[PDB]
Amino acid sequence: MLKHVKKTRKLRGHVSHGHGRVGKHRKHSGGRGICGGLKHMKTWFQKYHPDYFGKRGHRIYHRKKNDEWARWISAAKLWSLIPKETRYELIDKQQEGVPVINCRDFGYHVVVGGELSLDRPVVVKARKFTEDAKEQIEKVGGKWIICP
Amino acid sequence: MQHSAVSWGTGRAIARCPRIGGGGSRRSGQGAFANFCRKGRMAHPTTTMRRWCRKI
Amino acid sequence: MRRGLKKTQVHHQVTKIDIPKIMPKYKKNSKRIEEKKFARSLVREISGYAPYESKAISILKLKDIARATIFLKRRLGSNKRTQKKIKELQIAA
Amino acid sequence: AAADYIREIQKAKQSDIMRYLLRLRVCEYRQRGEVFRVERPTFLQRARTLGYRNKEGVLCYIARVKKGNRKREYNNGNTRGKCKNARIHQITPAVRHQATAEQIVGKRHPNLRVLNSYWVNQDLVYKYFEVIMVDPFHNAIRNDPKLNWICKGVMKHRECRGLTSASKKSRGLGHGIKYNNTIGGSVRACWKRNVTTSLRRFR
Amino acid sequence: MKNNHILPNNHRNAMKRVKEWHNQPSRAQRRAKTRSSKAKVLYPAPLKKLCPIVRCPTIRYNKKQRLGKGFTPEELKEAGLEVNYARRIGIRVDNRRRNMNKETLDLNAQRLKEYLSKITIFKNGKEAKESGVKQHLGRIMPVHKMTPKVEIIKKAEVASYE
RNA sequence: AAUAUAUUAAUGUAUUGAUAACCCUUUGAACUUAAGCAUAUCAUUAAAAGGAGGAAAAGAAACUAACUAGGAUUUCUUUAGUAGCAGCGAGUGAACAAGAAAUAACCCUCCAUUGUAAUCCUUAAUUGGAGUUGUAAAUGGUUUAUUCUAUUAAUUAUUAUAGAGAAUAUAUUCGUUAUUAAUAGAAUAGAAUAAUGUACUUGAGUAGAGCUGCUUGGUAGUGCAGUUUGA
Ligand SMILES: [Mg+2]
Ligand SMILES: [Mg+2]
Ligand SMILES: [Mg+2]
Ligand SMILES: [Mg+2]
Ligand SMILES: [Mg+2]
Ligand SMILES: [Mg+2]
Ligand SMILES: [Mg+2]
Ligand SMILES: [Mg+2]
Ligand SMILES: [Mg+2]
Ligand SMILES: [Mg+2]
Ligand SMILES: [Mg+2]
Ligand SMILES: [Mg+2]
Ligand SMILES: [Mg+2]
Ligand SMILES: [Mg+2]
Ligand SMILES: [Mg+2]
Ligand SMILES: [Mg+2]
């Protein structure tokens, strides 16, 4: 298999390793951890990490992750949610039947905007359609129902 | 690392490395606690923390 | 983010039922209660009152109800236990 | 019935009857030592619910505690350290005074085992408690199924390990999110399993 | 720290208290060994017991069904068993649970009839050891994962659908 | 001998010492990091003391949640280096839900049929006691069969259910492999012998307040304790 030689094997024979002669390699020049953010490491915090110091916002004890669950898919991928067998049957032969999609049965809750694939009417059930998703579903001739 | 050695310090025309204290035998006065000392532990001792298996 | 989603909420409909338990952990016994309520009215006659309950009666003889309420609030903890005790002492005075 | 007339009498400890009777027994206790032996318990209906049975091999004793904090003992107030921890006076003990009453009577009698204890009466200087102790090696208690559990091996000296109901409360056990500490066994068992990182095989 | 990195957060006692998993393949051999040795002690009886079907609490897992702990005695009253008799057969009983609906009660009541129609009962253990009947080893009548189904509807009813 | 209990100064019964790993309580630091240092961190650590078992501790909701609702304890994965705590600096730090291993529930405290203490220890002996200020405790180990563990003793080709390995010299043995016996222990099943009445109990100087100190991620108790007061 493919391999690479370490850098220590090329460094035997030289009086130091790659650490110079004037500025030697000592233990902990400059402090341990992230110390000194206000005095001498000020220029490193300014270039790479603003907003490290200070408070902001309102503090909420014990956020419940399960109560605030929300998953979103675009409006475009609703024809992809139909399983592979019956998705074919709507195309070639049953061209007049209207499919009914339950987004909670697949694990999605919110529907963000997008453009539908084909020009046939559909029936979609979810929670909290966005304002663009209400518009481009009804443009084809569909209907949206808020579902428990 | 079984013994209880300590360095003697400077001012004796002798090295700085830790010497076995005590007296009464040939052992007392010899070096200890270093990788370059005889009957001393090695630097970077091996351990069972090392990864033994890979994932394919 | 939970505020706007809570304004529109629909509950899934299920038919309810109410069935009492076969073996409860607590069976209310009517005979066992009435002996406790009858025995307490007998013991309070032979024995007397507490030394803080005797001072609360003589204050209520002077109709200092607003003074007697702060006297029992310092002794017992809750405000509910004060108003349950004043009804026991206003009968006996 | 007669279990209820007694329990209501011995409940009100500020009445005219109980203030009369408690004054006489305190003057009887000062002539005695630290631990002495009584025959029948003073509070009958209270002691019966804690498991007491009028059988041979069940014995009752009474001890005393001095009712105050205990002072730390250094030479001149020198703890030889930082100033974060140099307080001496205001330090409260770990267990209740019911628990320290059991360790005194349990140490003096290595013959017996302990069950329970309760409060009797107070003074200016002391607090009085009554302890109930039972012989394991009597043949009358080795035979009945009702107290056959106390003759096991693991029931020796339940006071020194904190298993009696008097000193069990100070460890803080229960259900729910309020007892998030001691989530397994004891306090120290919960700490050890939380700090140690797990190194699995494949990672 | 002399380049563009994230702020590192590594605790000081991370590598000082370590538990190592060296005994992982040796542990799994032992657990299958005592499981197989327990099977010969009760030969005609199955290895596991019966469990009910419940729903999961929160809204993230609201559409999932799961094997619960035990049966309430009111569902046994519909099937006709008594709780001192049903414990001797492989049935689990829970007493802390409370009844809520009719749909969750008619489901568990139908499930108890299917278990009763399969078990037999012999006289004594000498009779039972002599008969050679295949002994089940897995879970007893588990749930199975659902497959979603899309219904096709006509064009007229979409103006009046619910 | 000492500290205690029982019978009548004597006799019987129980405890005392060893540990250097895991377990339950008590007491309890500093070096170090913050590029100084005094709150903080190292640390609910090291040293020290007390107490038991082959495991110990815990354990049958005065719970979690806001759903179409779950269900005693323990351990693993994950939530998560997250919510939060802190000279808001350095740094420290949980739980529900979800997937699994393993599953088991019960007993005292009243007025237990008062047409009768029906109980309990001890003695060869209703012999001597205890007990109404309340004691209540059903009993047989004989025999047969099967399975598992530990220790001893015996037989093994020169073709091979034996090419694992040792020893001698430059074709032989011990064994391996595969079988039995003896002793001890454990579990399951059958047959036979013994044995079956009446039982409406729910936990006080506790829970909680005022002042005071420690602990926790718990923020104005998350938990504990002293003093005063106390349903
Ligand atoms: Mg150099
Ligand atoms: Mg440099
Ligand atoms: Mg220079
Ligand atoms: Mg060496
Ligand atoms: Mg216990
Ligand atoms: Mg160090
Ligand atoms: Mg410093
Ligand atoms: Mg420095
Ligand atoms: Mg310094
Ligand atoms: Mg600390
Ligand atoms: Mg165990
Ligand atoms: Mg145990
Ligand atoms: Mg900490
Ligand atoms: Mg009784
Ligand atoms: Mg041979
Ligand atoms: Mg209660």
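Please note: Cβ atoms are built from the backbone with ideal geometry, for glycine as well, and neighbour counts cover all protein chains shown. A short reminder: the numbers here are calculations on the coordinates, not readings from a lab.
General remarks:
- Sequence-distant residues sharing a close amide H with D:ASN116 (under 5 Å, placed H): D:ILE132
- Every helix of 4 or more DSSP H residues in the protein assembly as shown counts as -39500 (n - 2.57), and over all residues that averages to -8000 deg cm²/dmol at 222 nm.
- Relative intensity, log₁₀ I(q)/I(0), of the range A:26-65 from a Debye sum that treats every alpha carbon as a point, q = 0.31 Å⁻¹: -1.12
- Chymotrypsin sites (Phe, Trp or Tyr not before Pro) within the range D:1-54: DSSP coil, no more than 16 neighbouring Cβ in 10 Å: D:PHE43
- The mean sequence separation of alpha-carbon pairs under 8 Å and at least six residues apart, normalised by the residue count of chain B, gives a relative contact order of 22 percent.
- Converting phi to 3J(HN,Hα) with the Karplus coefficients 6.51, -1.76 and 1.60 and the offset θ = phi - 60°, the range C:55-72 yields 6, 6, 6, 6, 6, 6, 6, 8, 6, 9, 5, 5, 7, 6, 6, 6, 6, 8 Hz in sequence order, with x at every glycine or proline.
- Semi-axes of the equivalent ellipsoid for the range E:71-162, computed as √(5λ) from the eigenvalues of its C-alpha gyration tensor and ordered from largest down, come to 40, 21, 11 Å.
- According to the calculation over all Cα-Cα pairs in the range A:83-123, the P(r) per 10 Å bin from zero is 22, 53, 24, 1 %.
- Our summary gives chain A a relative contact order of 16 percent, counting only alpha carbon pairs under 8 angstrom and 6 or more residues apart.
- 5 angstrom amide H check on E:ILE53, placed H, neighbours 5+ away: E:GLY68
- Number of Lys-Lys pairs in the range D:44-109 with C-alpha atoms under 21 Å apart and a separation of 8 or more places or on different chains: 4.
- Across the range D:1-96, the convex hull enclosing all Cα atoms gives 208 Å³ per residue.
- Comparing Cα centroids, the range E:48-89 and the range D:54-95 end up 53 angstrom apart.
- Dividing the Cα radius of gyration of the range E:1-126 by its Kirkwood radius returns 1.22 for Rg/Rh.
- Values of log10 I(q)/I(0), in the order q = 0.10, 0.11, 0.23 Å⁻¹, for the range A:14-122 under a Debye, Cα-only, solvent-free model: -0.66, -0.69, -1.26
- B:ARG16 versus C:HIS11: modelled label distance in nm, points set 7 Å from Cα along the beta carbon direction: 7.9 nm
- Computed 3J(HN,Hα) for the range E:47-57, one whole-Hz value per residue from the Karplus formula 6.51 cos²θ - 1.76 cosθ + 1.60 where θ = phi - 60°, is 8, 10, 10, 7, 9, x, 10, 10, 9, 8, x, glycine and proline marked x.
- Straight-line cross-link partners of E:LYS19 among the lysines, defined as a Cα under 22 Å from its Cα and at least 8 positions apart when in the same chain: B:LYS55, D:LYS192.
- Equivalent-ellipsoid semi-axes of the protein assembly as shown, from the Cα gyration tensor, Å, largest first: 60, 54, 36
- Pairwise Cα distances in chain D exceed 28 Å in 47 percent of cases.
- Spatial offset of the range D:123-153 relative to the range D:163-188 amounts to 25 Å, using the alpha carbon center of each.
- Sequence-distant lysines (8 or more away, or on other chains) whose Cα lies within less than 18 Å of E:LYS118: E:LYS48, E:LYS49, E:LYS134
- Cα gyration tensor shape of the range E:1-71, rounded if a/c is under 1.5, else prolate or oblate by comparing a/b with b/c: oblate
- Computed from backbone phi with θ = phi - 60° and the Karplus coefficients 6.51, -1.76 and 1.60, the 3J(HN,Hα) list for the range C:29-43 is 9, 6, 5, 6, 6, 6, 6, 6, 6, 7, 6, 5, 6, 8, 6 Hz; x is used for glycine and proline.
- For the range C:1-68: span of alpha carbons on each principal axis (Å, largest first): 62, 41, 18
- Most to least packed among C:72-79, A:53-60 [average Cβ atoms within 10 Å]: C:72-79, A:53-60
- Chain B pair-distance distribution - Cα-Cα, 10 Å bins, rounded %: 20, 39, 19, 11, 8, 3, 0
- Residues whose amide H lies under 5 Å from that of A:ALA126, counting only those 5 or more places away or on a different chain, are A:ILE145, A:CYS147; hydrogens are built 1.01 Å from N in the peptide plane.
- Sites matching trypsin sites (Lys or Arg not before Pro) across the range E:74-103 that sit in DSSP coil, with at most 10 neighbouring C-beta atoms within 10 Å: E:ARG88, E:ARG96, E:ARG98
- Compared with the dominant principal axis of the Cα atoms in chain D, helix D:97-108 is inclined by about 80°.
- Pairwise label distance in nanometres, D:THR197 with C:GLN83, each label 7 Å out on the Cα-Cβ vector: 5.9 nm
- Acute angle (nearest 10 degrees) that the helix A:131-140 long axis makes with the longest principal axis of chain A, alpha-carbon atoms: 40 degrees
- Overall, the ratio between the Cα radius of gyration of the range D:124-194 and 2.2 N^0.38 Å, rounded to two decimals, is 1.55.
- Alpha-carbon centroids, the range D:1-42 and the range A:1-59: separation in whole Å: 76 Å
- Placing dummy labels 7 Å off each Cα toward the beta-carbon, the span from D:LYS11 to A:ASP105 is 6.3 nm.
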